Amino acid sequence: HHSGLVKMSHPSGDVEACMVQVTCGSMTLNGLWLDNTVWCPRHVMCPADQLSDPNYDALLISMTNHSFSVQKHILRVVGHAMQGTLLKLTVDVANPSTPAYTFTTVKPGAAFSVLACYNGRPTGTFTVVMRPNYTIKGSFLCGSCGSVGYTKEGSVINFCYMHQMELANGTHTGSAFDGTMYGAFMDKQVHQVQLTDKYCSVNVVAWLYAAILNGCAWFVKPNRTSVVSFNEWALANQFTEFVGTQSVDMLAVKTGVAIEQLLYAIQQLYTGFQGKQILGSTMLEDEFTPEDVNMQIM
Amino acid sequence: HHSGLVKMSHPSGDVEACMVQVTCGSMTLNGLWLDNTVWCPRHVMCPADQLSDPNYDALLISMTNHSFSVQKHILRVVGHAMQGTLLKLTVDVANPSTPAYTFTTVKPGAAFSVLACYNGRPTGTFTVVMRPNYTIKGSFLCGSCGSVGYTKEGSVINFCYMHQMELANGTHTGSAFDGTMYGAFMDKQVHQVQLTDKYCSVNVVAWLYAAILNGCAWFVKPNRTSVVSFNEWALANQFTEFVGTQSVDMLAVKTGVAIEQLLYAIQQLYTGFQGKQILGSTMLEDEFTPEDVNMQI
Ligand SMILES: *[C@H](O)[C@H](C[C@@H]1CCNC1=O)NC(=O)[C@H](CC(C)C)NC(=O)OC1(CC)COCOC1
Ligand SMILES: *[C@H](O)[C@H](C[C@@H]1CCNC1=O)NC(=O)[C@H](CC(C)C)NC(=O)OC1(CC)COCOC1
């Protein structure tokens, strides 16, 4: 039986209307236009020559307002400032289609939608999970910097990601809109090695609950492992700490299966399913959130 | 090395601007507002009483323009007609934000984006492949009917799907905008026979080309299988006919690996990967198209 559990993104129309192109010298990339502000990665300031150790503080000082061209395809710069790894440009027109929005940094295990853009033009959207080593997968090519990641709750878009770089293992990372880089990677063209990744324990729990809701519960036993005990074990076996949420609790109430029975199951299943499948899979899946499962299976 | 091959959907803003809610008596679902026309599934006319064997001809005749209610959230009806499994409702206002569009019927193995909506409100977007048995997977709950699927060529939107139903096995189907149901399923709540699914051969090829581009070419051999022999083999082993395309050919040039080497490879991998993985998988993957791979790698 097909569960209906799929990778689902937020509808992108609200964010499409905020995308612009930003150009500084030879470098061109994407920006986010909210009210009188345009956000973009500060390495737009850097010519290809100096990208391997840029001096951003000096590059900023060398700019004037005319050093930045902002074009909408889908504007006069009247101020420029740097905030961590982002530029905050002030323009003289308020974006007439600005959504209600917040700037909240996301934590590992949380999912968000990405609007991939090139030269200020949206081309595709996908959902990613912020990994425990502060990278994301997804699909990003040359020109994609400034593409944004977001969630939506009610009318309020939460902007959580602005794309900056690809790592040698092909994963990606970027900034929060407070200017910090996820994982503290440097916006320098240099080899940087991401830390070891981990299974997102709370999302594995959610997926097992999706399995139960879908009629697949051969892995459920009476046996349990406490949260506190599971977390001691998680540290030493490449799992995140489990932190419960009202979203997980809803799934436990619906199924009648306790969180702690699934923490025991995870300790038995992460080595393999001994020939069985769970939701068409032979390994544990950690990129569906408790919210995904509540939204899509209930 | 993560390939960067992911399930990607089209930006949905153009289509979001066309979604409305359609209400008829006590039933409510989504509709697509293009110019002066609102498209929605005809079963909005059916009371819960009679979902098993609705008489859509008599239901239509019993309706008047005032039977229908159309609200834009993200309108007065002055005309109603039935086209196959869809209603075509004429409203007095023409949608100002109507994109350039066409209507197409997608074929098995082709990918399209779906804007899932509830009560006229877009809530999510995902990409599906029309399966060889004319069903799709995806995620659709109660209230999702009238959600639409589409591709793009340029800024042109090609509307190809309007969601209608879920089958006993959890898969889904819908209408093309000429009113025909994909796979000729009936818009009634009765058990109906679904053909067995098959691997979409051309997409498996594209997936192996993506593996090669990503530096995973252990399955590659100079052993070849002609398209014709492959096609013969595919009938007895639950695979679709391979049909080359310009898009596949590009991939054979980028990698310098011939189609027939991968056809040969498919025959062997179907019997097993023999301890090895391909792009993190131990089974063949057939929901990534040649166009996906060309665009994403
Ligand atoms: C901005 O559009 C760039 C996006 C990456 C290009 C390929 N895929 C991407 O996601 N970002 C960069 O090019 C970035 C600039 C520095 C932070 C100053 N460098 C980068 O992503 O690094 C490499 C590998 C070390 C990525 O792969 C291509 O070579 C550069
Ligand atoms: C319209 O929004 C409905 C969408 C489905 C409901 C649950 N998931 C869906 O995709 N469509 C229907 O309710 C449909 C109406 C008939 C075509 C007249 N019924 C339906 O999808 O079939 C059932 C039973 C075969 C699927 O299983 C649950 O009950 C409905």
# chains A, B, ... in the order shown; residues from 1 in each chain; ligands from 1
>>> residues_around(residues="residue 257 of chain A", least_positions_apart="3", cutoff="10 Å", atoms="only C-alpha atoms", output="PyMOL selection string")
chain A and resi 209+212+217+220-222+251-254+260-262
>>> residues_near_ligand(ligand="ligand 2", cutoff="8 Å", atoms="only C-alpha atoms and all ligand atoms", output="ChimeraX atom specification")
/B:29,43,46,51-52,54,139-146,163-168,170-173,186-191
>>> write_last_selection(atoms="N, CA, C and O atoms", output="short mmCIF file (atom, residue, chain, number, x, y, z; two decimals), in the first residue's frame")
data_model
loop_
_atom_site.label_atom_id
_atom_site.label_comp_id
_atom_site.auth_asym_id
_atom_site.auth_seq_id
_atom_site.Cartn_x
_atom_site.Cartn_y
_atom_site.Cartn_z
N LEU B 29 -14.45 21.44 -3.46
CA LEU B 29 -13.12 21.06 -3.92
C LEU B 29 -12.49 22.23 -4.66
O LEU B 29 -12.97 23.37 -4.59
N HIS B 43 -17.48 15.32 -10.09
CA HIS B 43 -18.09 14.76 -8.88
C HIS B 43 -18.32 15.79 -7.77
O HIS B 43 -18.91 15.42 -6.74
N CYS B 46 -21.93 15.42 -6.87
CA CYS B 46 -22.48 14.20 -6.29
C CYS B 46 -22.64 14.35 -4.77
O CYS B 46 -21.68 14.70 -4.09
N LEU B 51 -22.15 8.30 -4.13
CA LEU B 51 -20.82 8.27 -4.75
C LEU B 51 -20.50 6.96 -5.47
O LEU B 51 -19.54 6.93 -6.26
N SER B 52 -21.25 5.89 -5.22
CA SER B 52 -20.91 4.59 -5.81
C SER B 52 -21.28 4.51 -7.29
O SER B 52 -20.50 4.00 -8.10
N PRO B 54 -22.89 7.34 -9.45
CA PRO B 54 -23.52 8.63 -9.74
C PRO B 54 -24.00 8.69 -11.19
O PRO B 54 -23.39 8.12 -12.10
N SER B 139 0.87 12.65 -2.90
CA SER B 139 0.20 12.78 -1.60
C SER B 139 -1.08 13.59 -1.78
O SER B 139 -1.01 14.78 -2.10
N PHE B 140 -2.23 12.96 -1.58
CA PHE B 140 -3.52 13.58 -1.82
C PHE B 140 -4.46 13.11 -0.73
O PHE B 140 -4.67 11.91 -0.58
N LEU B 141 -5.05 14.02 0.03
CA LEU B 141 -6.03 13.66 1.03
C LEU B 141 -7.42 14.13 0.58
O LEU B 141 -7.57 14.73 -0.48
N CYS B 142 -8.40 13.92 1.45
CA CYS B 142 -9.74 14.47 1.23
C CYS B 142 -9.67 15.98 1.03
O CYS B 142 -8.93 16.67 1.73
N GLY B 143 -10.44 16.49 0.07
CA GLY B 143 -10.36 17.89 -0.29
C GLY B 143 -9.37 18.22 -1.38
O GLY B 143 -9.39 19.36 -1.88
N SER B 144 -8.50 17.28 -1.79
CA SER B 144 -7.45 17.56 -2.75
C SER B 144 -7.94 17.57 -4.20
O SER B 144 -7.21 18.03 -5.09
N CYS B 145 -9.16 17.12 -4.46
CA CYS B 145 -9.61 16.98 -5.84
C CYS B 145 -9.68 18.34 -6.50
O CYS B 145 -10.03 19.34 -5.87
N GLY B 146 -9.32 18.38 -7.78
CA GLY B 146 -9.17 19.65 -8.47
C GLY B 146 -7.78 20.23 -8.41
O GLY B 146 -7.48 21.18 -9.14
N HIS B 163 -6.67 16.37 -10.37
CA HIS B 163 -6.79 15.22 -9.48
C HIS B 163 -8.22 14.82 -9.20
O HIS B 163 -9.08 15.66 -8.89
N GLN B 164 -8.48 13.49 -9.24
CA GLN B 164 -9.82 12.95 -9.08
C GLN B 164 -9.99 11.92 -7.97
O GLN B 164 -11.04 11.92 -7.31
N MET B 165 -9.04 11.04 -7.75
CA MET B 165 -9.37 9.93 -6.87
C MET B 165 -8.12 9.21 -6.39
O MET B 165 -7.03 9.34 -6.96
N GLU B 166 -8.32 8.41 -5.35
CA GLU B 166 -7.32 7.52 -4.81
C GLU B 166 -7.83 6.09 -5.00
O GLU B 166 -9.02 5.83 -4.83
N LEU B 167 -6.95 5.18 -5.42
CA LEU B 167 -7.34 3.78 -5.60
C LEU B 167 -7.06 2.98 -4.33
O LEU B 167 -6.35 3.42 -3.43
N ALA B 168 -7.64 1.78 -4.27
CA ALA B 168 -7.55 0.96 -3.06
C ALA B 168 -6.12 0.81 -2.57
O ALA B 168 -5.87 0.79 -1.36
N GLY B 170 -3.75 2.95 -2.58
CA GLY B 170 -3.10 4.19 -2.19
C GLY B 170 -2.54 5.02 -3.33
O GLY B 170 -2.02 6.11 -3.08
N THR B 171 -2.60 4.54 -4.58
CA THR B 171 -2.13 5.38 -5.66
C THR B 171 -3.31 6.23 -6.16
O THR B 171 -4.45 6.12 -5.68
N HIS B 172 -3.04 7.06 -7.14
CA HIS B 172 -3.94 8.16 -7.46
C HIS B 172 -4.13 8.27 -8.95
O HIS B 172 -3.23 7.96 -9.74
N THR B 173 -5.28 8.82 -9.35
CA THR B 173 -5.35 9.22 -10.75
C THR B 173 -6.27 10.42 -10.92
O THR B 173 -6.94 10.87 -9.98
N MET B 186 -12.81 5.10 -13.88
CA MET B 186 -14.11 5.73 -13.75
C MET B 186 -14.17 6.57 -12.48
O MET B 186 -13.71 6.12 -11.43
N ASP B 187 -14.77 7.76 -12.58
CA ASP B 187 -14.91 8.62 -11.41
C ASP B 187 -16.14 8.19 -10.62
O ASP B 187 -17.14 8.91 -10.47
N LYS B 188 -16.02 6.99 -10.06
CA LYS B 188 -17.00 6.39 -9.15
C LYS B 188 -16.24 5.60 -8.10
O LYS B 188 -15.14 5.08 -8.38
N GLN B 189 -16.84 5.45 -6.93
CA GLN B 189 -16.20 4.72 -5.83
C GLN B 189 -16.50 3.23 -5.91
O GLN B 189 -17.27 2.66 -5.13
N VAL B 190 -15.84 2.58 -6.86
CA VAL B 190 -15.99 1.15 -7.06
C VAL B 190 -14.61 0.57 -7.33
O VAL B 190 -13.73 1.22 -7.89
N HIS B 191 -14.43 -0.68 -6.93
CA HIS B 191 -13.16 -1.33 -7.16
C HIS B 191 -12.90 -1.41 -8.66
O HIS B 191 -13.81 -1.65 -9.45
#
>>> select_by_dssp(residues="segment 49-136 of chain A", states="strand (DSSP E or B)", output="MDAnalysis selection string")
chainID A and resid 69:71 77:83 86:91 101:103 111:118 121:129 136
>>> write_last_selection(atoms="C-alpha atoms", output="short mmCIF file (atom, residue, chain, number, x, y, z; two decimals), in the first residue's frame")
data_model
loop_
_atom_site.label_atom_id
_atom_site.label_comp_id
_atom_site.auth_asym_id
_atom_site.auth_seq_id
_atom_site.Cartn_x
_atom_site.Cartn_y
_atom_site.Cartn_z
CA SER A 69 23.20 46.72 -9.75
CA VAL A 70 19.89 45.13 -8.80
CA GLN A 71 17.58 43.97 -11.57
CA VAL A 77 20.71 51.04 -4.35
CA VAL A 78 20.72 53.87 -1.78
CA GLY A 79 22.59 52.10 1.02
CA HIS A 80 24.92 49.14 1.50
CA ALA A 81 25.99 47.30 4.65
CA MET A 82 27.53 43.95 5.54
CA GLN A 83 26.03 41.59 8.13
CA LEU A 86 25.50 38.68 3.68
CA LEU A 87 25.13 42.10 2.13
CA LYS A 88 22.11 44.13 3.17
CA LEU A 89 21.42 46.63 0.37
CA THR A 90 18.85 49.39 0.77
CA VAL A 91 16.92 50.18 -2.41
CA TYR A 101 8.12 37.11 7.10
CA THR A 102 10.54 36.29 9.88
CA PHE A 103 14.24 35.39 10.01
CA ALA A 111 13.09 20.52 6.71
CA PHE A 112 12.72 23.58 4.49
CA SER A 113 11.88 24.45 0.91
CA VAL A 114 14.46 25.89 -1.49
CA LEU A 115 13.72 28.01 -4.54
CA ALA A 116 16.64 27.43 -6.87
CA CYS A 117 17.30 30.52 -8.97
CA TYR A 118 19.76 31.60 -11.70
CA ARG A 121 14.94 33.72 -12.33
CA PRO A 122 13.30 30.90 -10.29
CA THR A 123 13.87 27.59 -12.02
CA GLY A 124 12.96 24.87 -9.50
CA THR A 125 11.95 24.03 -5.97
CA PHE A 126 12.80 21.12 -3.68
CA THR A 127 12.86 20.35 0.04
CA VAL A 128 15.94 19.57 2.08
CA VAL A 129 16.76 18.67 5.67
CA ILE A 136 22.05 20.11 2.84
#
>>> closest_atom_pairs(of="chain B", to="ligand 1", cutoff="12 Å", atoms="only C-alpha atoms and all ligand atoms", output="Markdown table")
| residue | atom | partner | partner_atom_place_in_ligand_line | distance |
| --- | --- | --- | --- | --- |
| B:1 | CA | ligand 1 | 27 (O) | 11.8 |
| B:2 | CA | ligand 1 | 8 (N) | 11.7 |
| B:3 | CA | ligand 1 | 8 (N) | 11.2 |
| B:4 | CA | ligand 1 | 8 (N) | 9.4 |
| B:296 | CA | ligand 1 | 8 (N) | 10.7 |
| B:297 | CA | ligand 1 | 8 (N) | 10.3 |
>>> atom_distance(atom1="atom CA of residue 165 of chain A", atom2="atom CA of residue 109 of chain A")
19.9 Å
